[PDB]
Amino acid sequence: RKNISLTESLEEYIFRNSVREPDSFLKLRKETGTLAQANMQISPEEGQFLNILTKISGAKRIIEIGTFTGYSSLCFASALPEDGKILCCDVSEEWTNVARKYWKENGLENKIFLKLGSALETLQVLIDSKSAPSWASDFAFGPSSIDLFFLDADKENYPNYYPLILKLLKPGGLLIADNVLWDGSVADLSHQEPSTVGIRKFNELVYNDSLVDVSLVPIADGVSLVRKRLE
């Protein structure tokens, strides 16, 4: 094995030695745990990973595709510099109502932009925009305008988000892709669900794309670091 075998005990050690979690963030995880799609949200470890990556990258304009109850957006929003901003794309009013509850609790709303609706559409309108739509005014628009992407939406559509992400990203920009291992089902060809297929196709596109570099990190359910190359 290339990677350490994790145990419960070792995961608790990791938590106790890396995770410094605000009570409001913990509050959100507990609230989300009540919901059926509770496991749809990231670990606080993954949160911290996104946090450090945002800082390391120097990102000032982020787009999150798939927001849910808002944990990751909370991590991005607090990691951004005071002049840094994030656009969140989600189909759900209900869940992003929970997200905003926590954005407000943490005083981060000023940094955060929300566009409800289909993300394929939200991204295309942003690409084609000549001036900024009201919801992206003072954020960004047009191709090569984004520093960092977080992809965590509907999995079957991952290969369709990819070209749009790549067009919106500045050269040197970063795509962070969630769920790239899909509980290990990606490696098992008996699994042919639309979500599993989308993720496999996405991983394949990224791997064979000479315009990017990839690091597939076995954190959480797999996290791909996909950097758009210069020129």
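When you see a residue number, it is the position in the sequence shown, counting from 1.
When the C-alpha B-factors of 16-24 and 218-226 are averaged, 16-24 comes out higher. For the two regions 47-55 and 26-34, the entry's Cα B-factors average higher over 26-34. Residue 111: CA B factor in the middle third of modelled residues in this chain (values from the PDB entry). Per the PDB record, residue ranking by Cα B-factor puts residue 39 in the highest third of the chain.
In the PDB entry, a CA B factor belonging to the highest third of its chain's modelled residues is recorded for residue 138. In the deposited entry, the Cα temperature factor of residue 80 places it in the middle third of its chain's modelled residues. Among the modelled residues of its chain, residue 152 has a C-alpha B-factor that falls in the lowest third, as given in the PDB entry.
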